[PDB]
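Visitor:
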Amino acid sequence: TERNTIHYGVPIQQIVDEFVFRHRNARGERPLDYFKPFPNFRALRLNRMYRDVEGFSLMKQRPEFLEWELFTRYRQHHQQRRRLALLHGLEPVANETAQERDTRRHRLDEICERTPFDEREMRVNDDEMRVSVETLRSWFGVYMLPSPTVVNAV
Amino acid sequence: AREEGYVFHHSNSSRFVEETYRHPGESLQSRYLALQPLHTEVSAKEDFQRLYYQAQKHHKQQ
Amino acid sequence: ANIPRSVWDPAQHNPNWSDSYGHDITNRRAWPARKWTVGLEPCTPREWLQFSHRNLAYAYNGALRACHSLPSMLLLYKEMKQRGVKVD
Amino acid sequence: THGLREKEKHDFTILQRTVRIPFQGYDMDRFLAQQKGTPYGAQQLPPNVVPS
Amino acid sequence: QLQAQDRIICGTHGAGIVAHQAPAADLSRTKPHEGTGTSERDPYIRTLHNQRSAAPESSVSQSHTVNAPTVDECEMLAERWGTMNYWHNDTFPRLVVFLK
Amino acid sequence: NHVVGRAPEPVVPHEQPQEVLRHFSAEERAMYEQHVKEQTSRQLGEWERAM
Amino acid sequence: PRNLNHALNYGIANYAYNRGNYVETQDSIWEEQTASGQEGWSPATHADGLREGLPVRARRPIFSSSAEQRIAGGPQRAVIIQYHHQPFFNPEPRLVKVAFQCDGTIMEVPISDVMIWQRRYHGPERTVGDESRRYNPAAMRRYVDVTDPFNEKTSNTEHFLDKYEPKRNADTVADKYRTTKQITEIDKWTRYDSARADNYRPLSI
Amino acid sequence: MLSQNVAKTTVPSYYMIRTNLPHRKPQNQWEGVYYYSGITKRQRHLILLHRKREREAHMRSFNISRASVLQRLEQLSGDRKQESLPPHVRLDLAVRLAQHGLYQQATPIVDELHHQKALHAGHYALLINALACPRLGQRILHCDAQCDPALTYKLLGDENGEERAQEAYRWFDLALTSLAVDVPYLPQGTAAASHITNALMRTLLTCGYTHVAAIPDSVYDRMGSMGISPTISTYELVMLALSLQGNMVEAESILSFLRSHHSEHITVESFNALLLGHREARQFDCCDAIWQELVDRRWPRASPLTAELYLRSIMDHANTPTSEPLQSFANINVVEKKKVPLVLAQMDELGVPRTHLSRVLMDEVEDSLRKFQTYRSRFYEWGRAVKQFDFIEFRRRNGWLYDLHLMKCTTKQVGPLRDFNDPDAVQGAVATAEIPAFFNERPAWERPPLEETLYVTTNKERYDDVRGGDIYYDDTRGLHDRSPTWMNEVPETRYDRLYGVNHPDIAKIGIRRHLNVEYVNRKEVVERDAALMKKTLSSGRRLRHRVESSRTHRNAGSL
């Protein structure tokens, strides 16, 4: 009975426009890639935190050194894993069961272990430094980016 | 059903199971890793007429 | 049903809808044309008509000749190779 | 009727210019729990107050 | 895929970008679109819509995404129609189980 | 490693701080303590039954 | 009870997977999105990030002389060999060259006949995965080099020309630091910005 | 005399000939053509009177039916007396009493019939259905509920639903017992048991909120535990029970189950159940979606009740107001009535009769039709001069000319803002807009208090040569303003002797003193109380003598 009067809330676009107008373009809150020659729409909106960072606990709340690059390498690894699953026909189904999902994940892990990583698809965001896999292995240890020999030995 | 907690839910892509997690034997996996669930798929509908029909000729056969 | 749900429901919010004050500022900028010292970036169709990668080689040859030291020549050569202009 | 409520609403709007977006944290649940003090080892003792 | 989307966008009157932090009235029948501005749950301007919240309709077509074969579908599998891709798809072909 | 099968924190609904507990009467204080002890006992018991 | 896995993350909310395992966590996020319908196979569009080696599911065309028009078929997996966004390279109806991995055949199918795996619902690029950006406390203290904003002129692998460069006082004094500008001073706010109209559709002004 | 009728044209002069100023306002393209869609007071009164007449006729019919059934019951009992009578006579009498709501007389007849063992499964179903009072439901639908099925279900509960629900439960239990005497599964699974369960749900639907809420979670679960196979009617009734309480998340899922597993068995009533639930839950967008799904199916054969439910839902959504930011202009939800002719055309295509709609709904349907259903023949003529000027005359006669392009001339102007960024430059106007003046208002805190009752403001015109300035200026006089010499311009009175005294003692000049002989002053009373309060603290201390007590004995002194 509280819905007799329809209250259309202020749209999220309206709220964002009001915030940016009050902050006078919100230069601090905008990403560093926004101040580049030709930024795309992806690097144009804001700096909201997305779900890509979930699951990586190496950096708790402040990556001191190279943890951000390690996380970028890990997320690109997962992107390539998703691409391999799409190619090989191991996409998630809407109504999977436990004995379905575990076996599917096992098969996908087989494919990932037997498929090499693609370094070309790696890209660098704003203010990030390019680091080689050899440098990352020497710094954080080879187990962070294990060779298949290390994987099967473990 | 209501007292133990159950509501009507059904969609196009919906499945119904009985859930029991695998018993964690005392080891590193049980100590640290999360439990592995186990879903036994069951029908979303139960036909009392067919159940009674099956029992009717399962009784007089003996 | 008159006002669409997609404009007031926050559940249907567009994740990548840029604000009105951002894109205009993005395209308003005119970055400096001296990305490299020897040549000028073209900003107008007339400058594009005059500009050519092969023609930049002549100016780089002149600057290389004007350079008196091999390290300076090497730096200019590195700049030329990074620009990708023709080497002759 | 005096409109002081509208005055304070406009003052809130003015302060909205100065305020900034808080850092919600990379892991949202972890950050919120760290604020709450629930997770193991993250409990912070309340400050000691000089008695009257 | 914004993180904590339900709590930030559909749960917070500030959409995560408004810092909500004369005294407020004790017993006030405030307007549906306003508030006393005491805390986040009572902002000066209310953003959350009073109506119901419905997620956008999925853009994935289920007529071309074959799902797992439910145990309930097996009984009518002999009495059900399907396309050749449905019968011979890479994952869970239905003709095999129909013969089994 | 530190916690393996330990019970979670027995969160009690309607937990009040000292600034509110000051105005509780004697029987109100006893009732609040009874509520807290019953709640934590039930939480620990259900965890033991689950384990 | 639902608090079985609270020992995995004491204090934080209980979860049915491994939070420490990053790839498993991302996989579980993928599972929940596909279950909620935010991800799935949807008909492709030109604006989507179609490129070489993009996993798409296309309907296999059947070639028959009896049929004047093209014959559709079962939608199965394919790999995009090449796709020209240029209208002068593929006019209407534009086609995308695909290779079917089941047998290895290579064909060209119309874009309307290609089903791509979306990741969101509203994005112009539904196939490109979202990317998170690092948080910086000194938000307004960042700097950008106008000469080389993308740091494309980095040394990368060292070559034999590098060793001959002599370090001096003039070399130490860097023109890069002279050219570097602040993000605040890159842009100027004007009265046109102050009076800018809404790019979206306002609800009520 | 009207204060809105002002001079649109200037006083005749040579400016009208020697200047290029236009003599008429340019046409406003956004303002729509004025058309007639109103109702006169006598027409509204006549409509209300006719509705009252039909309602009282229906009530009279219900009263005569009740009188007939009561007379039949009394004469049947008196005539039969000791003599035996066939059981079917008492069975139909009890059914009629239950249908008319006389459960008090219905109960003993059913009890004695059951004890005589003359009631079967079909008769038990009949009695349980009759407990729902279909005749009383129809009467209340016509009279009190205004032909609203939801309101009928909401109002039948107040007709002693709980007692009737308990009686229905008892009848269901005894019906099960009497059905068990017709091996370990026959009483549970049979057609009669399912029919009786459906009857029980149907009669519980009309009881209070507690019973309708208990239907889907108690009755359905008990049926499942007993093992009675449900039917499409059972699913319909549980859907209606879930819909009446506003819980549509499950009412949609159960229909999804019906469409998935038990397709080609769904009847029409599911769609009206969903429509009723959405209307109760204020989900008009989903109600429209379901209506479109129904009009695409076309096999459920949308009933007049379904069409009436959808029309009532859309009209309620039309009458629902929005919040203040959307209410600054005219209300925007009135546009929802424009969909009514589309629904009527779709009903014509579907074959749903138009007249089967309730007259209460038809009045509002005709209102929305006269507001949004102009024909082409009348559209060829509604744009003229006579009609628009007649509308102007009507507005002038009713004294509402604030929203007419021709008759409204605006005089107030809003100047620019001196920006502090560079105050050297002066600003000139480049356009002109007719802003509704609430866009740029004086904020409240720099405004006089409420500016409406305290001050009366009239916007008149100067009679002197303006030479540049506000030709139309407003005067702002206080409501309580009086002439500075009002004392001698008004007749002298008793209060003139109090001239200049800041706080006069009116009690001395008071008149009540002489008329009441027991006069007493509240001022004197409070003065006495204050004096006593001062006396309380004016007590003072007292010199107290001290006696040493260092030793063991307490030293005692005399006087």
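Protein chains in written order, with PDB author numbering: chain R, 464 to 617; chain P, 534 to 595; chain X, 11 to 98; chain Z, 258 to 309; chain W, 30 to 50, 68 to 146; chain B, 669 to 719; chain C, 823 to 1027; chain A, 1 to 182, 193 to 569. The beta-carbon is built from N, C-alpha and C at its ideal position, and this holds for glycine as well.
Flag this pair as yes or no: are the beta carbons of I933 of chain C and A866 of chain C separated by less than 8 Å?
Guide: In contact: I933 of chain C and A866 of chain C (Cβ atoms closer than 8 Å).
Visitor: Runs of 4 residues minimum, wholly inside the region 317 to 362 of chain A: which ones carry the alpha helix (DSSP H) assignment?
Guide: 334 to 337 and 350 to 360, all fully within the region 317 to 362 of chain A.
Visitor: Quick check: what's the CA-CA separation for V614 of chain R versus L521 of chain R?
Guide: When rounded, the distance between both Cα atoms is 20 Å.
Visitor: Leaving out five residues before and five after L315 of chain A in sequence, what residues of the same chain have Cβ atoms less than 8 Å from its Cβ?
Guide: So the list reads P149 and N282, once near-sequence residues are dropped.
Visitor: Along the chain, where does the alpha helix (DSSP H) that runs through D111 of chain A open and close?
Guide: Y103 to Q116 is the span of the alpha helix (DSSP H), which, as asked, contains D111 of chain A.
Visitor: In the DSSP assignment, find the unbroken beta strand (DSSP E) run with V966 of chain C in it and report its ends.
Guide: Unbroken beta strand (DSSP E) run through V966 of chain C: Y965 to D967.
Visitor: Taking DSSP's pairing of strands, which residues face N469 of chain A in a bridge?
Guide: Partner(s): A:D484.
Visitor: Verify whether the separation of the beta carbon atoms of residue 1 of chain X and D480 of chain R is less than 8 Å.
Guide: The question about residue 1 of chain X has no answer here: the residues shown for chain X are numbered 11 through 98.
Visitor: Which chain A residues are close to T270 of chain Z, counting only those with a beta carbon under 9 Å from its beta carbon?
Guide: Chain A residues near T270 of chain Z: none, gap ~12 Å exceeds 9 Å.
Visitor: Do you know how far the Cα of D580 of chain P is from the Cα of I242 of chain A?
Guide: Computed Cα separation, rounded: 14 Å.
Visitor: Is there a C-beta anywhere in chain A that falls below 8 Å from the one on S546 of chain P?
Guide: Judged by the 8 Å Cβ criterion, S546 of chain P is not in contact with chain A.
Visitor: Leaving out five residues before and five after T1006 of chain C in sequence, what residues of the same chain have Cβ atoms less than 7 Å from its Cβ?
Guide: So the qualifying residues of the chain are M962.
Visitor: Give every residue of the same chain whose Cβ lies closer than 6 Å to the Cβ of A261 of chain A, excluding the five residues on either side of it in the sequence, and list them in chain order.
Guide: Excluding residues within five positions, the ones whose Cβ falls inside 6 Å are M249, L252, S253 and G287.
Visitor: How many Å lie between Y90 of chain W and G45 of chain W at the Cα?
Guide: Going by the C-alpha atoms only, they are around 15 Å apart.
Visitor: Taking the C-alpha atoms as reference points, what is the distance between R60 of chain A and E54 of chain A?
Guide: Whole-angstrom Cα-Cα distance: 10 Å.
Visitor: Would you list the residues sitting across from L31 of chain W in a DSSP beta bridge?
Guide: In DSSP, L31 of chain W forms a bridge with R:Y513.
Visitor: What residues in its chain sit with their C-beta under 8 Å from that of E551 of chain P, if we drop five residues either side in the sequence?
Guide: Within the same chain, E551 of chain P has close Cβ partners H572, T573 and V575.
Visitor: Could you please tell me which residues of the region 572 to 584 of chain P, in chain order, have their CB closer than 9 Å to any CB of chain A?
Guide: Of all residues in the region 572 to 584 of chain P, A577, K578, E579, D580, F581, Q582 and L584 have a Cβ within less than 9 Å of some Cβ in chain A.
Visitor: With burial defined as no fewer than 16 other Cβ atoms inside 10 Å of the residue's Cβ, what is the status of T949 of chain C: buried or exposed?
Guide: Its Cβ being crowded by 16 or more others within 10 Å, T949 of chain C is buried.
Visitor: Can you confirm whether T275 of chain Z, when its beta carbon is compared against all beta carbons of chain C, has any partner nearer than 8 Å?
Guide: So no, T275 of chain Z is outside the interface.
Visitor: With DSSP run on the structure shown, which of helix, strand or coil describes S62 of chain X?
Guide: Coil, per DSSP.
Visitor: Provide the residue span of the beta strand (DSSP E) that contains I938 of chain C, from first to last.
Guide: Residues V936 to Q940.
Visitor: From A540 of chain A to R523 of chain A, what distance separates their C-alpha atoms?
Guide: Whole-angstrom Cα-Cα distance: 24 Å.
Visitor: When the Cα atoms are used, what is the spatial distance from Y14 of chain A to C419 of chain A?
Guide: Roughly 22 Å separates the two Cα atoms.
Visitor: Residues of chain Z with a CB under 8 Å from the CB of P459 of chain A: which are they?
Guide: Those within 8 Å of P459 of chain A in chain Z are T258 and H259.
Visitor: With a threshold of 6 Å on Cβ separation, who are the neighbours of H78 of chain X within its own chain once the five nearest residues in sequence on each side are excluded?
Guide: Closer than 6 Å at Cβ, skipping near neighbours: no residue.
Visitor: If you draw a straight line from the C-alpha of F922 of chain C to the C-alpha of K523 of chain R, how long is it?
Guide: Those two C-alpha atoms are separated by around 44 Å.
Visitor: Whose CA, out of R:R508, R:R490, R:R487 and R:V516, lies closest to the CA of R956 of chain C?
Guide: When only C-alpha atoms are compared, the closest one is R:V516.
Visitor: Evaluate the contact criterion for the region 542 to 558 of chain R versus the region 845 to 862 of chain C: three or more CB pairs, one atom per stretch, below 8 Å.
Guide: Counting Cβ pairs under 8 Å, three or more are found: they touch.
Visitor: I want to know whether the region 870 to 884 of chain C touches the region 895 to 903 of chain C - three or more CB-CB distances under 8 Å.
Guide: In short, these stretches touch, since the Cβ pair count reaches three.
Visitor: Take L113 of chain A and list the residues in its own chain whose beta-carbon comes closer than 7 Å to its own, dropping the five residues that flank it on each side.
Guide: Excluding positions up to five away in sequence, the list reads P87, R90, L91 and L119.
Visitor: Between the region 583 to 590 of chain P and the region 589 to 603 of chain R, are three or more C-beta pairs nearer than 8 Å?
Guide: No, they do not touch.
Visitor: Give the C-beta separation of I206 of chain A and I128 of chain A to the nearest angstrom, bearing in mind that I take them to be a contact with Cβ-Cβ under 8 Å.
Guide: That pair is a contact at about 7 Å.
Visitor: Would you mind telling me which residues of chain W sit closer than 8 Å to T468 of chain R, beta carbon to beta carbon, in chain order?
Guide: Per Cβ cutoff of 8 Å: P78 and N96.
Visitor: If you measure from the beta carbon of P296 of chain Z to each beta carbon in chain C, is any gap under 8 Å?
Guide: Yes, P296 of chain Z counts as interfacial toward chain C.
Visitor: Please confirm whether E265 of chain Z has its beta-carbon closer than 8 Å to some beta-carbon of chain W.
Guide: It does: the Cβ of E265 of chain Z has a partner Cβ on chain W nearer than 8 Å.
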